[PDB]
Amino acid sequence: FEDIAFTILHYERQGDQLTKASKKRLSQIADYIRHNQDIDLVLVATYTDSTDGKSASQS
Amino acid sequence: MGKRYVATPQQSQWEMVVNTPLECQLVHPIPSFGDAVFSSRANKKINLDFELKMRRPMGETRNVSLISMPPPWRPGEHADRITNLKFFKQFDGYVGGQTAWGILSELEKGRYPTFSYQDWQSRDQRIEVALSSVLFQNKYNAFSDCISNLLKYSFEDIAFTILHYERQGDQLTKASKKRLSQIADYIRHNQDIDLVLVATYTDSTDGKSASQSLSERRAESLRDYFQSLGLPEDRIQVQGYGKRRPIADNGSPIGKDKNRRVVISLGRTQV
Amino acid sequence: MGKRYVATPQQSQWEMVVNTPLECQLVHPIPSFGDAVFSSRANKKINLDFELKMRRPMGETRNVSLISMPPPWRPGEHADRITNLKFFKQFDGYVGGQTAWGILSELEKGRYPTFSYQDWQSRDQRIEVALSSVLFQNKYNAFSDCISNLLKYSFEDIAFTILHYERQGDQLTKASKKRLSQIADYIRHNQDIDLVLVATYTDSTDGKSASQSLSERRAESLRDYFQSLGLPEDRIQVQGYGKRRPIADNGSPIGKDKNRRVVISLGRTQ
Amino acid sequence: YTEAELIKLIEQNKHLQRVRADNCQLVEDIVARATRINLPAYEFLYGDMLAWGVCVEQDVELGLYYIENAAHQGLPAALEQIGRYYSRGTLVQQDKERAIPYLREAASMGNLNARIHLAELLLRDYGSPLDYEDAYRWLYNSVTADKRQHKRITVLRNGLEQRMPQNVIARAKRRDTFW
Amino acid sequence: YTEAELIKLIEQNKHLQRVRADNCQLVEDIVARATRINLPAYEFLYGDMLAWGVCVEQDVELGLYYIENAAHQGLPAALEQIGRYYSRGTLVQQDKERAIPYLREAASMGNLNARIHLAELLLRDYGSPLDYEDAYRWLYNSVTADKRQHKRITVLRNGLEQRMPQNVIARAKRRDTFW
Amino acid sequence: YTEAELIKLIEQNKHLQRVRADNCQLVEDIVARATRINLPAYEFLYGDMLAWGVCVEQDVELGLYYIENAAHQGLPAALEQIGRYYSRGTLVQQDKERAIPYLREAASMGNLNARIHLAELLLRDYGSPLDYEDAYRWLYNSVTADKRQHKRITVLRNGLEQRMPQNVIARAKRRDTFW
Numbered sequence: 001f002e003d004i005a006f007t008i009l010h011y012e013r014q015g016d017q018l019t020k021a022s023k024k025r026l027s028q029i030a031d032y033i034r035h036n037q038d039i040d041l042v043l044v045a046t047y048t049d050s051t052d053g054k055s056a057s058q059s
Numbered sequence: 001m002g003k004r005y006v007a008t009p010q011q012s013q014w015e016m017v018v019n020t021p022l023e024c025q026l027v028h029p030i031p032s033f034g035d036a037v038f039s040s041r042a043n044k045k046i047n048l049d050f051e052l053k054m055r056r057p058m059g060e061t062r063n064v065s066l067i068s069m070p071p072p073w074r075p076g077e078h079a080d081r082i083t084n085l086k087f088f089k090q091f092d093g094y095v096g097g098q099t100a101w102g103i104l105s106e107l108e109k110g111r112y113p114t115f116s117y118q119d120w121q122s123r124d125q126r127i128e129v130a131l132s133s134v135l136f137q138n139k140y141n142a143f144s145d146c147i148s149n150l151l152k153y154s155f156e157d158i159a160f161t162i163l164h165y166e167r168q169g170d171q172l173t174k175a176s177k178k179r180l181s182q183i184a185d186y187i188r189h190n191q192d193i194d195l196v197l198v199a200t201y202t203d204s205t206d207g208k209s210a211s212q213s214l215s216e217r218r219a220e221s222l223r224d225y226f227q228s229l230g231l232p233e234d235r236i237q238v239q240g241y242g243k244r245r246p247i248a249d250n251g252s253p254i255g256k257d258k259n260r261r262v263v264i265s266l267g268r269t270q271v
Numbered sequence: 001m002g003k004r005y006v007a008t009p010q011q012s013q014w015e016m017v018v019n020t021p022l023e024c025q026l027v028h029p030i031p032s033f034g035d036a037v038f039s040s041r042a043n044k045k046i047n048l049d050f051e052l053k054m055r056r057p058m059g060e061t062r063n064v065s066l067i068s069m070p071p072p073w074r075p076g077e078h079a080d081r082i083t084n085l086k087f088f089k090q091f092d093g094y095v096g097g098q099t100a101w102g103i104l105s106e107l108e109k110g111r112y113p114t115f116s117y118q119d120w121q122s123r124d125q126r127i128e129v130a131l132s133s134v135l136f137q138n139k140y141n142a143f144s145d146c147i148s149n150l151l152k153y154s155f156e157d158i159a160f161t162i163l164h165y166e167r168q169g170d171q172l173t174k175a176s177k178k179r180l181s182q183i184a185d186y187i188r189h190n191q192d193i194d195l196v197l198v199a200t201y202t203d204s205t206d207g208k209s210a211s212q213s214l215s216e217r218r219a220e221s222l223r224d225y226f227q228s229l230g231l232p233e234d235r236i237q238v239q240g241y242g243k244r245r246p247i248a249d250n251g252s253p254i255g256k257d258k259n260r261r262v263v264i265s266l267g268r269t270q
Numbered sequence: 001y002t003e004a005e006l007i008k009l010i011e012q013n014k015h016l017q018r019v020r021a022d023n024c025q026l027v028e029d030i031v032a033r034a035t036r037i038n039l040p041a042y043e044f045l046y047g048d049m050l051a052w053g054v055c056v057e058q059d060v061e062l063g064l065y066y067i068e069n070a071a072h073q074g075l076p077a078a079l080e081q082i083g084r085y086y087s088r089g090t091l092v093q094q095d096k097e098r099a100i101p102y103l104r105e106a107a108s109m110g111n112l113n114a115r116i117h118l119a120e121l122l123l124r125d126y127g128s129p130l131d132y133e134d135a136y137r138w139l140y141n142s143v144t145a146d147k148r149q150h151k152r153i154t155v156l157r158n159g160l161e162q163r164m165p166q167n168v169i170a171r172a173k174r175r176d177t178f179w
Numbered sequence: 001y002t003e004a005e006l007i008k009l010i011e012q013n014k015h016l017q018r019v020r021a022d023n024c025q026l027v028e029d030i031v032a033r034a035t036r037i038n039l040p041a042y043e044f045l046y047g048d049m050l051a052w053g054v055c056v057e058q059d060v061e062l063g064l065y066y067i068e069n070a071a072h073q074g075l076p077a078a079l080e081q082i083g084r085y086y087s088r089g090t091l092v093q094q095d096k097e098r099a100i101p102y103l104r105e106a107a108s109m110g111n112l113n114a115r116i117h118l119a120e121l122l123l124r125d126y127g128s129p130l131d132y133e134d135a136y137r138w139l140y141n142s143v144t145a146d147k148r149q150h151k152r153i154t155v156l157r158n159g160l161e162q163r164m165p166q167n168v169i170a171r172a173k174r175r176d177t178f179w
Numbered sequence: 001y002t003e004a005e006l007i008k009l010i011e012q013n014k015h016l017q018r019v020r021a022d023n024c025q026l027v028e029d030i031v032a033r034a035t036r037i038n039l040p041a042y043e044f045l046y047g048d049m050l051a052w053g054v055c056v057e058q059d060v061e062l063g064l065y066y067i068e069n070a071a072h073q074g075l076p077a078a079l080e081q082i083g084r085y086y087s088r089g090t091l092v093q094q095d096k097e098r099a100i101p102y103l104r105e106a107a108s109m110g111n112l113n114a115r116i117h118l119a120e121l122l123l124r125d126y127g128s129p130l131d132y133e134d135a136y137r138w139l140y141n142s143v144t145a146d147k148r149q150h151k152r153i154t155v156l157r158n159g160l161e162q163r164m165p166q167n168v169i170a171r172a173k174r175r176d177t178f179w
């Protein structure tokens, strides 16, 4: 639980999909969650680059 | 009396786990210890991995002795020392190069490849791990048949390919068709590729509009072909350039032959 | 001890895999090792290739010894040293020339051709590979019959052909019809030929329109003939050049006959 | 330059000398053509200039970048340049086995120097004995007027033949037509 | 301060020196930005100011809280700082095995200090071999301009190489890895 | 040039000498006729001009291409030239066994040089006895005015006669053969 409790994932330059390594880490998280019933809270904080507009970034 | 992990003649079994033109895998379960895995993969060069996978991972890095011990039912035969390896902590034991083929050879002769080392999980006492040669020959024949049917090239060998088109029509030359067939075989069996760049060009025979239209036509034909191979649409990025950006002298038919080309680049990230 | 790869009399079998007027292929499966393939191909010269194909490829280039060992059931007979070969890395063993015929001969006498060398996959130890003579005679007779029924020309000998027409008429000369029959035989027996290029053209005796008409009629007759052999219409190409592009001095009787000619060019997908 | 003129200059390995002779007036033209329209011949010329600092300031990293840009386009000379750089260790770390795939494509394109260097590397045990057949084929079908290059190709062919069964040599010598 | 300049100063370990050089005139702005807007750079800066008591009073718990919030949002320097605090016992009870995950995450994000410290901890048996590969990978494709740090990185790379088989080493050198 | 005169000059091996004697004034006409009209005599002439680099620049590949096109259309001198290039290794890699078919076709069309060269190659074991008959036939009914060449032809005829049975010799001397 100490090794996966905090995870930071990255997105591809164009698209709404995660990178390969980020999908692998998400699979690790999913395995640990699906096998552990004591996990109560999940905090997700997505945020993006400055390339798009502020409304577009928020969307 | 120390610990000796070997499959008894009634327990010994060999299995072909992976039998595909991209990988061959032969597995011997060592009872109460783990597995011994022989893995060969498609490549330009001879390669074989032997991996001793343990249920309880290696506790400390130890010097291991590989010997070709005779089985009990072979009196009057001495043991041949093969080599000394190093097994690393929390990693599966690895033997490679000619030594893995030597292990296979010593199994083919009815002998037991024995790894002897001091086990951390065993109060640092010496233990033996032997591979049984019972019921091995049939599976060795199947493994060698699989090895004979391995593709003779890896992904590195099809990553960047320049194909050429014929002077008349929209069909690839013979050599280009052969190389495309190689790419098709590997893609058909792997499908892991995440970047397929198809940049098409033409010669200087047609007008700019006609050359651009023809190049885009052939690009989209290749894109449809790669989709038929199973790759998702997103990974394919086709682009037609027409007569623009020649690489050769268009004043000679040889130059026009060189200029009617398509560049296919395949990219993947292991991580 | 040593590793000897040979088929026991209960395991030894010989097969004629390819039996066509363009190739002959006699195959002997060596158990646990691979195949031994004798191949003969249609050609103008005597040719035989022996390939020791191995399941596990050759680890390193090694000097190999070819001996004619007697079988166990022949006491009192000694072994004859045949020759010394070299087996190369990641390649099948190849024996050619007179030595392949000699291997076939030593098999005909009832002996075992034995290749001995140090195997890289076997901890650099000496191993033997033998070809069994059990059940060899009938397949050797079939192999000799197929070699007898081989075409005496290869793709290189017919890929470019130039034929001539008679002075009066739309028919080819005798020799040109014979060469066209040779081409038709090779095409009908070879499925790898993809392209046929026909370029008829004539003498200057007739008018330019008449020359073009004759050339095109001849080209269409040859195209129909090539269709009769089974090739699809999208593969055959035919063009009539009339009296243009003369290769010989028009005006001389021999020159005009030279120019009254067809070019047939084949193209294969090997 | 038109482009065919520039390509012919490149093929003779005189493009840098040509730009030197013209007193470095083509500098901005070359830069604009290379980085704006991405003409492969101009890309290779700009990459070479950046690599050796001819009429421009030297930039090895960007020079190799533009050489690669030209190679991925299909230029026979950029591919051979990349392969030779990897094999010799010029401007990059020496790597023969990384070089070989580049040299192969240039050799298949018709580049004589790529064929010769590929044969030299294969005869030095820097590739599996599965690239030998293609190298022998390419050398066998090579035509040249330089007697030195002719003798070199012949010797390399003999060297390659001393490692092949001669059922592979015959297969390399076969063509799909009479010519 | 702009966010980018503050981030770059944080990476160089001169944010506190810069704030001192300003004679602590922007302290109110820093407090407002950290507490209300929750800007990770300002959260890290405010946490360092509170923790070590520069200009502002020394409030160790609150400073560590704001550093942990900067880490929450994911500032690699914050993760590295918490890791080295745990590993060296600075303001916290020394627990290297607890330090390991923080350093690992910071290294995976691209912090060179985290990579070197994590490799040093692993070479002292404060983790597992199941990290070496990644750590080795992170030390392999890392570019530094300091000759001393370059030598240290090479030494740590060799130290890790002496502990993994050729299979794992081959896999480590042959993977997509960035930052 | 007229087509007939060019053909006769090609057969005498004086087309290049004639073009030099014209101080290369018709080069544009030769290029236009070869490239556009595809006249076999002009294709052969242009190929020889490009290959050996007389007046025009030396482009070996393109010259051999145009010679091969002249051969495509069927100029016997072009076939003989390609055959002797392969047999002697001139501008191409020496392959006598590859030379044999070209020489055979040129001889069958009527080229005396091809007939003599083919007989010489066969007498060096560079073919098969399945050719001797035809070659012998082609050497039997061949008329030359040069006493040296006549003696050479007779010598080659005797050399071939020493290798075939009386049945095949009788059949060879008793066949319809022209040119």
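Order-wise, the sequence lines are chains H, S, D, V, W and B.
For the first sequence, our numbering gives the first residue as 1, with consecutive numbering after it.
For the second sequence, our numbering gives the first residue as 1, with consecutive numbering after it.
For the third sequence, our numbering gives the first residue as 1, with consecutive numbering after it.
For the fourth sequence, our numbering gives the first residue as 1, with consecutive numbering after it.
For the fifth sequence, our numbering gives the first residue as 1, with consecutive numbering after it.
For the sixth sequence, our numbering gives the first residue as 1, with consecutive numbering after it.
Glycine included, each C-beta is placed from N, C-alpha and C at the ideal position.
Asked: Distance between residue 204(S) and residue 4(W) (C-alpha atoms, nearest Å); Found: 51 Å
Asked: Cβ-Cβ distance between residue 81(V) and residue 67(V) below 7 Å; Found: yes
Asked: Residue 128(B) (DSSP reduced to helix, strand or coil); Found: coil
Asked: The region 135 to 146 of chain S in contact with the region 115 to 125 of chain S per 3-pair CB rule at 8 Å; Found: no
Asked: Closer than 7 Å to chain S by CB, residue 129(W); Found: yes
Asked: Span separating the alpha-carbon of residue 274(D) from that of residue 256(D); Found: Chain D is shown only over 1 to 270; residue 274(D) falls outside these bounds and no answer can be derived.
Asked: Selection from 213(D), 31(D), 88(D), 39(D) that minimises the alpha carbon distance to residue 58(D); Found: 88(D)
Asked: Per-residue contacts from residue 238(S) into chain H (C-beta, under 9 Å); Found: Chain H residues near residue 238(S): none, gap ~16 Å exceeds 9 Å.
Asked: Under 8 Å (Cβ pairs) to chain B, residues found in the region 147 to 158 of chain V; Found: 150, 153, 154, 157
Asked: Nearest to residue 49(W) (by Cα), restricted to the options 17(W), 74(W), 79(W); Found: 17(W)
Asked: Reduced DSSP category for residue 232(S) - H, G, I as helix; E, B as strand; rest coil; Found: coil
Asked: Host beta strand (DSSP E) of residue 119(S) (start-end); Found: 112 to 119
Asked: Residue 5(S): first and last residue of the uninterrupted alpha helix (DSSP H) it sits in; Found: Element bounds for residue 5(S): not the alpha helix (DSSP H) but the beta strand (DSSP E), 3 to 5.
Asked: Extent of the continuous alpha helix (DSSP H) run through residue 172(V); Found: 168 to 172
Asked: Assigned secondary structure, residue 164(D) (DSSP; H/G/I helix, E/B strand, else coil); Found: strand
Asked: Range covered by the beta strand (DSSP E) that runs through residue 28(S); Found: 23 to 30
Asked: Residue-level contact to chain V via CB, residue 31(B), 7 Å cutoff; Found: no
Asked: Three-state class that DSSP yields for residue 5(W) in the structure shown; Found: helix
Asked: Stretch-stretch touch, CB-based, cutoff 8 Å, three pairs: the region 233 to 250 of chain S with the region 192 to 202 of chain S; Found: yes
Asked: Alpha-carbon spacing of residue 142(S) relative to residue 95(S), whole angstroms; Found: 21 Å
Asked: Chain D within 7 Å of residue 10(B), Cβ atoms only; Found: no
Asked: Any chain S beta carbon closer than 7 Å to residue 139(B); Found: no
Asked: Residue 51(S) - DSSP class collapsed to helix/strand/coil; Found: strand
Asked: Beta-carbon spacing of residue 173(S), residue 260(S) below 7 Å; Found: no
Asked: Cβ of residue 246(D) within 7 Å of any chain B Cβ; Found: yes
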